[PDB]
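Read through the structure below, which is laid out as C-alpha cells, and then see the notes.
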Amino acid sequence: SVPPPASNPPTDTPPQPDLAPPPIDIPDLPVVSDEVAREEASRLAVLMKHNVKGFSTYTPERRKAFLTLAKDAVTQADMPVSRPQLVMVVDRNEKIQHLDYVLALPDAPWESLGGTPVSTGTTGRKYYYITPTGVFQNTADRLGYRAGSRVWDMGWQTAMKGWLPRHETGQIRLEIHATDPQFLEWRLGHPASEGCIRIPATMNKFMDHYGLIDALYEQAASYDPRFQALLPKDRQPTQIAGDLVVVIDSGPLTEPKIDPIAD
Ligand SMILES: [Cl-]
Ligand code: NA
C-alpha cells in the first residue's frame with residue numbers, strides 16, 4: 001500500500017511595515033575560511049553519524065553522483081556560492097531515495113558529509129506527484145510551521161503528475177516533513193509520498209537544532225519575532241549553515257506510470 005498524503009499548507013510571510021529594518025540591522029551571513037569550514041563539516045558529520053537514525057557515508061561512486069549533479073544544478077540555476085555553506089541534496093530516483101549533505105566551497109571542490117534515506121513522490125497513484133528536480137531555497141518569504149516537528153515550506157513548485165505517462169504538470173506546495181504515525185520510518189528508501197520530501201524524525205530534529213539549511217531563516221530571526229518564535233530556543237546554529245535544497249535524479253529520469261484503478 002501507499003501511505004496517505006501529507007498536508008502541505010502554504011505559509012507565505014505576511015508583509016509587516018513595522019518590522020522593516022535598515023540594512024545595518026540585518027546581520028551578514030557568517031563567512032569562514034575553507035580550512036575552518038572543512039573542520040566544522042567533519043564535526044557535524046561525526047555528530048550526525050551518532051545522532052541521526054539511518055545515517056551513512058556513501059560509496060565513492062555514489063558520492064561523486066551527489067556532488068556532480070548538485071553542482072550541475074546550482075550552476076544551471078545561476079545561484080551563487082559566495083561563502084562556504086551546506087547544501088541538502090536529495091536524489092529522487094526510485095532506486096536511490098537518499099539525501100546527502102554537501103559542503104559547497106566557492107573556490108575548492110565540494111565535499112560530501114553523508115546522509116539518510118528519504119521518501120519522495122511516487123508514480124502509479126492518482127493525485128500523487130513526482131518530486132521535481134531543481135534548486136529550492138529556504139528563505140524568509142515563508143515561515144513554515146511546527147506539527148512540535150519542524151516543517152520547511154519551499155513554496156509552490158511545478159511538478160509532474162505521477163500517474164499520467166503523457167507528462168502533465170501541476171502545482172504542488174513543496175515541503176519537507178518528518179515521519180509520523182501515518183508515515184512510518186520503515187517507508188524511507190522507497191518512493192511513497194504525494195510529492196513532499198519525507199525525512200527521518202531524528203534528521204529533522206538535527207537540522208532544526210544545528211540550523212543546517214536555516215541561514216536566511218536565522219538572519220530574519222535577528223529582527224523578526226515571527227522567525228525567532230519558530231526556531232528552537234536552545235539551538236546551536238553552525239557557521240556553515242546554508243539555505244539550498246537541491247533535488248537531483250541520478251538514474252534514468254523518473255517516468256509517470258498509470259494507476260490501474262483510477263477512473
Ligand atoms: Cl505508514
Ligand atoms: Na519523486
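We name chains A, B, ... following the order of the C-alpha cells; residues begin at 1 in each chain, and ligands are numbered from 1 as shown.
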- Contacts of range 223-225 of chain A at 12 Å (only C-alpha atoms; same-chain gap of 3+ positions) as an NGL selection string: :A and (13-27 or 140 or 143 or 216-220 or 228-231)
Each residue of range 85-104 of chain A lying at most 9 Å from range 41-60 of chain A should get a row with its shortest atom-to-atom pair and the distance in Å to one decimal, counting only C-alpha atoms; could you produce that, ordered by chain and increasing number, as JSON lines?
```
{"residue": "A:86", "atom": "CA", "partner": "A:41", "partner_atom": "CA", "distance": 8.4}
{"residue": "A:100", "atom": "CA", "partner": "A:57", "partner_atom": "CA", "distance": 8.4}
{"residue": "A:101", "atom": "CA", "partner": "A:45", "partner_atom": "CA", "distance": 8.8}
{"residue": "A:102", "atom": "CA", "partner": "A:41", "partner_atom": "CA", "distance": 8.7}
{"residue": "A:103", "atom": "CA", "partner": "A:41", "partner_atom": "CA", "distance": 7.0}
```
How would the residues just picked look written out with C-alpha atoms as a CSV table (one decimal), in the first residue's frame?
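Listing of result.csv after writing:
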```csv
chain,number,residue,atom,x,y,z
A,86,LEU,CA,26.0,23.3,3.5
A,100,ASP,CA,23.4,13.8,1.1
A,101,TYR,CA,24.6,16.8,3.0
A,102,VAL,CA,27.4,18.6,0.9
A,103,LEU,CA,29.8,21.4,1.8
```
- Contacts with ligand 1 at most 8 Å, only C-alpha atoms and all ligand atoms counted, listed as number ranges by chain: A: 2-3, 181-187
Write the residues you've just listed into a file as a PDB file, in the first residue's frame, and include N, CA and C atoms for each of them.
```
ATOM      1  N   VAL A   2       0.216   2.413  -0.180  1.00  0.00           N
ATOM      2  CA  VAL A   2       0.874   3.713  -0.195  1.00  0.00           C
ATOM      3  C   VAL A   2       0.308   4.517   0.968  1.00  0.00           C
ATOM      4  N   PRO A   3       1.136   5.165   1.784  1.00  0.00           N
ATOM      5  CA  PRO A   3       0.599   5.951   2.903  1.00  0.00           C
ATOM      6  C   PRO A   3      -0.258   7.096   2.398  1.00  0.00           C
ATOM      7  N   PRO A 181       3.042   9.074  12.733  1.00  0.00           N
ATOM      8  CA  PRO A 181       2.298   7.805  12.889  1.00  0.00           C
ATOM      9  C   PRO A 181       1.599   7.321  11.628  1.00  0.00           C
ATOM     10  N   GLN A 182       1.341   8.189  10.653  1.00  0.00           N
ATOM     11  CA  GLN A 182       0.724   7.797   9.398  1.00  0.00           C
ATOM     12  C   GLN A 182       1.731   7.663   8.264  1.00  0.00           C
ATOM     13  N   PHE A 183       3.022   7.903   8.523  1.00  0.00           N
ATOM     14  CA  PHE A 183       4.091   7.694   7.538  1.00  0.00           C
ATOM     15  C   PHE A 183       5.298   7.188   8.327  1.00  0.00           C
ATOM     16  N   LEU A 184       5.391   5.865   8.495  1.00  0.00           N
ATOM     17  CA  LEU A 184       6.352   5.296   9.421  1.00  0.00           C
ATOM     18  C   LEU A 184       7.752   5.267   8.812  1.00  0.00           C
ATOM     19  N   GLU A 185       8.746   5.214   9.692  1.00  0.00           N
ATOM     20  CA  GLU A 185      10.130   5.346   9.256  1.00  0.00           C
ATOM     21  C   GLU A 185      10.563   4.219   8.332  1.00  0.00           C
ATOM     22  N   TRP A 186       9.939   3.037   8.437  1.00  0.00           N
ATOM     23  CA  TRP A 186      10.342   1.965   7.535  1.00  0.00           C
ATOM     24  C   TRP A 186       9.953   2.254   6.091  1.00  0.00           C
ATOM     25  N   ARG A 187       9.139   3.286   5.836  1.00  0.00           N
ATOM     26  CA  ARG A 187       8.816   3.658   4.462  1.00  0.00           C
ATOM     27  C   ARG A 187       9.994   4.314   3.744  1.00  0.00           C
TER      28      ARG A 187
END
```
- Please write out the residues within 8 Å of ligand 2 as a VMD selection string, counting only C-alpha atoms and all ligand atoms. chain A and resid 92 to 94 119 to 123 129 to 132 191 193 195 254
Please, could you write that set of residues out with N, CA, C and O atoms as a PDB file, in the first residue's frame?
```
ATOM      1  N   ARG A  92      15.967  11.908  -5.917  1.00  0.00           N
ATOM      2  CA  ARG A  92      14.609  11.389  -6.010  1.00  0.00           C
ATOM      3  C   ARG A  92      14.509  10.103  -6.820  1.00  0.00           C
ATOM      4  O   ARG A  92      13.397   9.541  -6.940  1.00  0.00           O
ATOM      5  N   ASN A  93      15.603   9.648  -7.434  1.00  0.00           N
ATOM      6  CA  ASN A  93      15.495   8.450  -8.263  1.00  0.00           C
ATOM      7  C   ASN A  93      14.891   7.317  -7.449  1.00  0.00           C
ATOM      8  O   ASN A  93      15.242   7.129  -6.276  1.00  0.00           O
ATOM      9  N   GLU A  94      13.969   6.569  -8.085  1.00  0.00           N
ATOM     10  CA  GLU A  94      13.242   5.498  -7.404  1.00  0.00           C
ATOM     11  C   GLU A  94      14.173   4.472  -6.780  1.00  0.00           C
ATOM     12  O   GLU A  94      13.813   3.856  -5.768  1.00  0.00           O
ATOM     13  N   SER A 119      11.928   9.565   1.491  1.00  0.00           N
ATOM     14  CA  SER A 119      10.870   9.120   0.590  1.00  0.00           C
ATOM     15  C   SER A 119      10.372  10.344  -0.165  1.00  0.00           C
ATOM     16  O   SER A 119       9.907  11.303   0.466  1.00  0.00           O
ATOM     17  N   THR A 120      10.453  10.305  -1.508  1.00  0.00           N
ATOM     18  CA  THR A 120       9.903  11.355  -2.353  1.00  0.00           C
ATOM     19  C   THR A 120       8.628  10.844  -3.046  1.00  0.00           C
ATOM     20  O   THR A 120       8.095   9.776  -2.725  1.00  0.00           O
ATOM     21  N   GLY A 121       8.138  11.612  -4.015  1.00  0.00           N
ATOM     22  CA  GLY A 121       6.826  11.323  -4.591  1.00  0.00           C
ATOM     23  C   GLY A 121       6.836  10.061  -5.440  1.00  0.00           C
ATOM     24  O   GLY A 121       7.761   9.810  -6.216  1.00  0.00           O
ATOM     25  N   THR A 122       5.759   9.287  -5.327  1.00  0.00           N
ATOM     26  CA  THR A 122       5.652   8.028  -6.042  1.00  0.00           C
ATOM     27  C   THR A 122       4.901   8.195  -7.368  1.00  0.00           C
ATOM     28  O   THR A 122       4.163   9.162  -7.584  1.00  0.00           O
ATOM     29  N   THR A 123       5.127   7.243  -8.271  1.00  0.00           N
ATOM     30  CA  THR A 123       4.355   7.116  -9.502  1.00  0.00           C
ATOM     31  C   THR A 123       3.259   6.068  -9.317  1.00  0.00           C
ATOM     32  O   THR A 123       3.225   5.325  -8.331  1.00  0.00           O
ATOM     33  N   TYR A 129       2.313  13.176  -6.959  1.00  0.00           N
ATOM     34  CA  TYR A 129       3.226  13.803  -7.898  1.00  0.00           C
ATOM     35  C   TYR A 129       4.669  13.327  -7.714  1.00  0.00           C
ATOM     36  O   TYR A 129       5.101  12.983  -6.614  1.00  0.00           O
ATOM     37  N   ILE A 130       5.426  13.335  -8.808  1.00  0.00           N
ATOM     38  CA  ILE A 130       6.873  13.148  -8.746  1.00  0.00           C
ATOM     39  C   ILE A 130       7.505  14.413  -8.184  1.00  0.00           C
ATOM     40  O   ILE A 130       7.213  15.516  -8.648  1.00  0.00           O
ATOM     41  N   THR A 131       8.364  14.270  -7.178  1.00  0.00           N
ATOM     42  CA  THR A 131       9.067  15.433  -6.627  1.00  0.00           C
ATOM     43  C   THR A 131       9.934  16.073  -7.714  1.00  0.00           C
ATOM     44  O   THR A 131      10.710  15.365  -8.376  1.00  0.00           O
ATOM     45  N   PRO A 132       9.803  17.381  -7.963  1.00  0.00           N
ATOM     46  CA  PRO A 132      10.557  17.995  -9.064  1.00  0.00           C
ATOM     47  C   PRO A 132      12.034  18.184  -8.752  1.00  0.00           C
ATOM     48  O   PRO A 132      12.406  18.497  -7.624  1.00  0.00           O
ATOM     49  N   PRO A 191       9.979   5.317  -2.878  1.00  0.00           N
ATOM     50  CA  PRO A 191       9.038   6.425  -3.100  1.00  0.00           C
ATOM     51  C   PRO A 191       7.667   6.082  -2.555  1.00  0.00           C
ATOM     52  O   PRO A 191       7.125   5.011  -2.855  1.00  0.00           O
ATOM     53  N   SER A 193       5.601   9.237  -1.076  1.00  0.00           N
ATOM     54  CA  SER A 193       4.911  10.480  -0.754  1.00  0.00           C
ATOM     55  C   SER A 193       4.037  10.947  -1.921  1.00  0.00           C
ATOM     56  O   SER A 193       4.115  10.423  -3.045  1.00  0.00           O
ATOM     57  N   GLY A 195       4.455  13.965  -3.068  1.00  0.00           N
ATOM     58  CA  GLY A 195       5.262  14.967  -3.740  1.00  0.00           C
ATOM     59  C   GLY A 195       6.233  15.637  -2.796  1.00  0.00           C
ATOM     60  O   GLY A 195       7.247  16.175  -3.233  1.00  0.00           O
ATOM     61  N   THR A 254      12.829   9.691 -13.745  1.00  0.00           N
ATOM     62  CA  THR A 254      11.564   9.083 -13.355  1.00  0.00           C
ATOM     63  C   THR A 254      10.498   9.328 -14.412  1.00  0.00           C
ATOM     64  O   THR A 254      10.285  10.462 -14.837  1.00  0.00           O
TER      65      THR A 254
END
```
- Message: Which residues are near residue 125 in chain A? Cut-off 8 Å, only C-alpha atoms, ignore same chain within fewer than 4 positions. Put them as a ChimeraX atom specification.
- Response: /A:162-163,258-259,262
Give me a file of those residues, with N, CA, C and O atoms, as a compact mmCIF listing (two decimals), in the first residue's frame.
```
# COMPACT_ATOMS: atom_id res chain seq x y z
N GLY A 162 2.29 12.02 -11.32
CA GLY A 162 2.94 10.72 -11.32
C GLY A 162 2.17 9.60 -11.96
O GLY A 162 2.73 8.50 -12.13
N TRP A 163 0.91 9.84 -12.31
CA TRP A 163 0.03 8.80 -12.83
C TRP A 163 -0.32 8.99 -14.30
O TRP A 163 -1.18 8.26 -14.81
N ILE A 258 0.73 4.56 -15.07
CA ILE A 258 -0.72 4.66 -14.89
C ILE A 258 -1.13 4.04 -13.55
O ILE A 258 -0.46 3.14 -13.01
N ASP A 259 -2.22 4.56 -12.99
CA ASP A 259 -2.89 3.96 -11.84
C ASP A 259 -4.02 3.07 -12.35
O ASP A 259 -5.02 3.59 -12.86
N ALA A 262 -7.57 4.16 -11.15
CA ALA A 262 -8.13 5.48 -11.41
C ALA A 262 -9.16 5.40 -12.53
O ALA A 262 -9.01 4.63 -13.48
```
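Relative to CA of residue 221 in chain A, CA of residue 196 in chain A is found at 25.4 Å.
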- Check range 93-213 of chain A with DSSP on the backbone and list each residue it calls helix (DSSP H, G or I), as a VMD selection string. chain A and resid 185 to 187 201 to 210
All residues 8 Å or closer to residue 198 in chain A, only C-alpha atoms, same chain fewer than 6 positions away omitted, as a PDB file with N, CA, C and O atoms, in the first residue's frame:
```
ATOM      1  N   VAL A 118      15.380   8.789   2.355  1.00  0.00           N
ATOM      2  CA  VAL A 118      14.219   9.657   2.301  1.00  0.00           C
ATOM      3  C   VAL A 118      13.101   8.933   1.560  1.00  0.00           C
ATOM      4  O   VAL A 118      13.286   7.842   1.039  1.00  0.00           O
ATOM      5  N   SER A 119      11.928   9.565   1.491  1.00  0.00           N
ATOM      6  CA  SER A 119      10.870   9.120   0.590  1.00  0.00           C
ATOM      7  C   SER A 119      10.372  10.344  -0.165  1.00  0.00           C
ATOM      8  O   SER A 119       9.907  11.303   0.466  1.00  0.00           O
ATOM      9  N   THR A 120      10.453  10.305  -1.508  1.00  0.00           N
ATOM     10  CA  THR A 120       9.903  11.355  -2.353  1.00  0.00           C
ATOM     11  C   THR A 120       8.628  10.844  -3.046  1.00  0.00           C
ATOM     12  O   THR A 120       8.095   9.776  -2.725  1.00  0.00           O
ATOM     13  N   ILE A 176       9.117  19.881   3.306  1.00  0.00           N
ATOM     14  CA  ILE A 176       9.910  18.829   3.938  1.00  0.00           C
ATOM     15  C   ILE A 176       9.233  18.481   5.258  1.00  0.00           C
ATOM     16  O   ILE A 176       9.003  19.378   6.092  1.00  0.00           O
ATOM     17  N   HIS A 177       8.911  17.179   5.438  1.00  0.00           N
ATOM     18  CA  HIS A 177       8.161  16.678   6.572  1.00  0.00           C
ATOM     19  C   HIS A 177       8.921  15.528   7.231  1.00  0.00           C
ATOM     20  O   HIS A 177       9.493  14.675   6.552  1.00  0.00           O
ATOM     21  N   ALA A 178       8.887  15.464   8.552  1.00  0.00           N
ATOM     22  CA  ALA A 178       9.366  14.266   9.226  1.00  0.00           C
ATOM     23  C   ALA A 178       8.379  13.102   9.038  1.00  0.00           C
ATOM     24  O   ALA A 178       7.232  13.269   8.604  1.00  0.00           O
ATOM     25  N   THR A 179       8.848  11.904   9.355  1.00  0.00           N
ATOM     26  CA  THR A 179       7.970  10.752   9.515  1.00  0.00           C
ATOM     27  C   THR A 179       7.024  10.996  10.689  1.00  0.00           C
ATOM     28  O   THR A 179       7.235  11.896  11.498  1.00  0.00           O
ATOM     29  N   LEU A 188      10.941   4.873   4.491  1.00  0.00           N
ATOM     30  CA  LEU A 188      12.026   5.628   3.870  1.00  0.00           C
ATOM     31  C   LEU A 188      12.910   4.686   3.052  1.00  0.00           C
ATOM     32  O   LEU A 188      13.110   3.510   3.417  1.00  0.00           O
TER      33      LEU A 188
END
```
- Hey, can you check how far CA of residue 237 in chain A sits from CA of residue 210 in chain A? 4.5 Å
- Item | Residue contacts of range 61-65 of chain A (7 Å, only C-alpha atoms) excluding same-chain residues fewer than 4 positions away, as a VMD selection string | chain A and resid 69 112 250
Could you save those same residues with C-alpha atoms as a PDB file, in the first residue's frame?
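The new file selection.pdb reads:
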```
ATOM      1  CA  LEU A  69      24.690  16.600 -10.048  1.00  0.00           C
ATOM      2  CA  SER A 112      30.289  15.050   0.954  1.00  0.00           C
ATOM      3  CA  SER A 250      20.871  10.173 -10.959  1.00  0.00           C
TER       4      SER A 250
END
```
- What are the DSSP strand (DSSP E) residues of range 145-227 of chain A, as JSON, numbers by chain? {"A": [145, 146, 150, 151, 152, 153, 154, 155, 156, 157, 158, 159, 160, 161, 169, 170, 171, 172, 173, 174, 175, 176, 177, 178, 197, 198, 199]}
Can I get the selected residues back with C-alpha atoms, as an mmCIF file, in the first residue's frame?
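Saved to result_3.cif:
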```cif
data_model
loop_
_atom_site.group_PDB
_atom_site.id
_atom_site.type_symbol
_atom_site.label_atom_id
_atom_site.label_comp_id
_atom_site.auth_asym_id
_atom_site.auth_seq_id
_atom_site.Cartn_x
_atom_site.Cartn_y
_atom_site.Cartn_z
ATOM 1 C CA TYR A 145 5.424 25.702 10.822
ATOM 2 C CA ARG A 146 5.637 23.102 13.592
ATOM 3 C CA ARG A 150 9.545 21.336 12.099
ATOM 4 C CA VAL A 151 8.127 21.695 8.583
ATOM 5 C CA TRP A 152 10.076 23.591 5.895
ATOM 6 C CA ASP A 153 7.918 25.266 3.213
ATOM 7 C CA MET A 154 9.651 25.653 -0.164
ATOM 8 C CA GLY A 155 6.710 27.315 -1.959
ATOM 9 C CA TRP A 156 4.536 26.451 -4.930
ATOM 10 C CA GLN A 157 6.516 24.439 -7.485
ATOM 11 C CA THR A 158 5.728 22.914 -10.872
ATOM 12 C CA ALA A 159 5.706 19.115 -10.691
ATOM 13 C CA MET A 160 4.888 16.191 -12.967
ATOM 14 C CA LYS A 161 1.736 14.193 -12.244
ATOM 15 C CA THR A 169 2.341 19.183 -14.790
ATOM 16 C CA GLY A 170 0.566 20.811 -11.862
ATOM 17 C CA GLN A 171 1.454 22.982 -8.876
ATOM 18 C CA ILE A 172 2.380 21.406 -5.535
ATOM 19 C CA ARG A 173 3.294 23.086 -2.247
ATOM 20 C CA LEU A 174 6.767 21.584 -1.890
ATOM 21 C CA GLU A 175 7.537 20.881 1.785
ATOM 22 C CA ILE A 176 9.910 18.829 3.938
ATOM 23 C CA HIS A 177 8.161 16.678 6.572
ATOM 24 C CA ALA A 178 9.366 14.266 9.226
ATOM 25 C CA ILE A 197 10.187 15.080 0.870
ATOM 26 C CA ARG A 198 9.928 12.782 3.915
ATOM 27 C CA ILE A 199 12.985 12.598 6.185
#
```
- Message: Give me, as number ranges by chain, all polymer residues having an atom no more than 7 Å from range 71-85 of chain A, counting only C-alpha atoms and skipping those fewer than 2 positions away in the same chain.
- Response: A: 31-32, 34, 37, 67-69, 87, 103-106, 134-135, 240-242
Hey, can you spit out that residue selection with N, CA, C and O atoms as a CSV table (one decimal), in the first residue's frame?
```csv
chain,number,residue,atom,x,y,z
A,31,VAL,N,30.9,34.1,7.3
A,31,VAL,CA,31.9,33.7,6.3
A,31,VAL,C,33.1,33.2,7.0
A,31,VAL,O,33.7,34.0,7.8
A,32,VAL,N,33.4,31.9,6.8
A,32,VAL,CA,34.6,31.3,7.4
A,32,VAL,C,35.6,30.9,6.3
A,32,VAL,O,35.2,30.7,5.2
A,34,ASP,N,38.0,28.3,4.2
A,34,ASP,CA,37.8,26.9,3.8
A,34,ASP,C,38.4,26.0,4.8
A,34,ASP,O,37.8,24.9,5.0
A,37,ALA,N,35.9,25.7,7.6
A,37,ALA,CA,34.6,25.1,7.1
A,37,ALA,C,34.8,23.6,7.0
A,37,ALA,O,33.8,22.9,7.4
A,67,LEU,N,27.7,14.9,-5.7
A,67,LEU,CA,28.4,16.1,-5.8
A,67,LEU,C,28.4,16.7,-7.1
A,67,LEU,O,28.1,17.9,-7.3
A,68,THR,N,28.5,15.9,-8.2
A,68,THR,CA,28.5,16.4,-9.6
A,68,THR,C,27.1,16.9,-9.9
A,68,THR,O,27.0,18.0,-10.5
A,69,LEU,N,26.0,16.2,-9.6
A,69,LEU,CA,24.7,16.6,-10.0
A,69,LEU,C,24.2,17.8,-9.2
A,69,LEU,O,23.5,18.7,-9.8
A,87,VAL,N,24.7,22.3,1.7
A,87,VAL,CA,23.6,22.1,0.8
A,87,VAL,C,23.0,20.7,1.0
A,87,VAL,O,23.7,19.7,1.2
A,103,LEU,N,29.1,20.1,1.5
A,103,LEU,CA,29.8,21.4,1.8
A,103,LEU,C,30.2,22.0,0.5
A,103,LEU,O,31.1,21.5,-0.2
A,104,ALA,N,29.5,23.1,0.1
A,104,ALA,CA,29.8,23.8,-1.1
A,104,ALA,C,30.9,24.9,-0.7
A,104,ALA,O,30.7,25.6,0.2
A,105,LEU,N,32.0,24.9,-1.5
A,105,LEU,CA,33.0,25.9,-1.3
A,105,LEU,C,33.2,26.7,-2.5
A,105,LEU,O,33.1,26.2,-3.7
A,106,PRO,N,33.4,28.0,-2.4
A,106,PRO,CA,33.4,28.9,-3.5
A,106,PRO,C,34.6,28.7,-4.4
A,106,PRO,O,34.5,29.0,-5.6
A,134,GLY,N,15.5,20.4,-9.2
A,134,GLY,CA,15.8,21.8,-9.2
A,134,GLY,C,16.4,22.3,-7.9
A,134,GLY,O,16.8,21.5,-7.1
A,135,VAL,N,16.6,23.6,-7.8
A,135,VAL,CA,17.3,24.2,-6.7
A,135,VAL,C,16.2,25.0,-6.0
A,135,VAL,O,15.6,26.0,-6.6
A,240,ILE,N,28.6,27.3,9.1
A,240,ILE,CA,28.5,27.0,7.7
A,240,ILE,C,27.1,26.6,7.3
A,240,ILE,O,26.8,26.0,6.3
A,241,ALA,N,26.1,27.1,8.0
A,241,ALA,CA,24.7,27.0,7.7
A,241,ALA,C,24.4,27.4,6.3
A,241,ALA,O,25.0,28.5,5.8
A,242,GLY,N,23.6,26.7,5.5
A,242,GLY,CA,23.2,27.1,4.2
A,242,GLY,C,21.8,27.3,4.0
A,242,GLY,O,21.1,27.6,5.0
```
- Query: Which one is closest to residue 144 in chain A: A:97, A:222, A:11, A:236? Count only C-alpha atoms.
  - Reply: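 Looking at the shortest contact to residue 144 in chain A, the residue is A:11.
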